[PDB]
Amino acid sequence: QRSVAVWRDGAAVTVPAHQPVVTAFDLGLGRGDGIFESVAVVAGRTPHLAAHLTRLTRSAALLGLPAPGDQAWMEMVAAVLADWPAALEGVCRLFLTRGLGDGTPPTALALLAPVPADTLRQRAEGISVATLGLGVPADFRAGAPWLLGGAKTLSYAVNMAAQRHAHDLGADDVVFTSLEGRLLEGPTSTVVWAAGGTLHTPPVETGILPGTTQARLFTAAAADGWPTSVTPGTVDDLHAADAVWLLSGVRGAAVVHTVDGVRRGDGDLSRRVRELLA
């Protein structure tokens, strides 16, 4: 079902999943002032844990958050995995909040639940997306560190609101665009498209999250002799592409069959992408 472990006096303490763990005054709750990582649990193991802990360190640095370090997080992951069924794919989230303030200790915990059946169905059968503007110029966040570009924060209200807006239009998910129409990323995923025999993704300098699933695909692609590129694409690139995916550590590769109500095929390229991500 569900498993939680909290960082308590330099140790991981298992607590029941329904038991409250955060007080009213925690800044992760009241201000969305914290960071997180979402780690896949597959056959009772965390195949990409280290990639996620490296990015956790970077997120914590951007928010000036003291981080308990890799050892602590592996102890918390171990605690929630203890009784986890290998046959049940899980999502293990790591939360690090400012706690009661800068000066008091940050709050660390791990929470593990099943990947929902609808998320597995999106991986199997793919998705529709709506393009929604963020209204920020593509070049703006590189000059505005207070906007927390490239950090994976607890402040995802907009990310969730964009998804519900999409759902209201009849789409599964979103691709965000800059003011000038440049592709950014999904609310919870990285955009990749195939065009001219090359795998493409938008540049990180635009203030998006550097996706671990997209990075591992590109590394694997390179080795398999599939050319890759960082490309400042637009919605035009998505319509024109041979294939479009949203990639994330939990959902995986979700082929985008529909962009703003415009149906699209994948050129039977999804299979090699899935093989490379395996």
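Counting begins at 1, following the sequence as shown.
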Determine, for stretches 183-191 and 93-101, which one has the higher mean CA B-factor as deposited.
93-101
Pick between 76-84 and 173-181: the one whose mean CA B-factor in the entry is higher.
76-84
Looking at 116, 106, 149, 143, which one carries the largest C-alpha B-factor according to the PDB entry?
106
Quick one: which of 56, 250, 65, 246 shows the highest Cα temperature factor in the PDB entry?
65
Going by the recorded CA B-factors, say which third of the chain residue 20 sits in, lowest, middle or highest.
highest
For residue 225, return the chain-relative third of its C-alpha B-factor as stated in the PDB record: lowest, middle or highest.
highest
Cα B factor band for residue 274 (lowest, middle or highest third within the chain):
lowest
Please place residue 34 in the lowest, middle or highest third of its chain according to the CA B-factor in the PDB entry.
lowest
Select lowest, middle or highest to describe the third in which the CA B-factor of residue 126 falls within its chain in this entry.
lowest
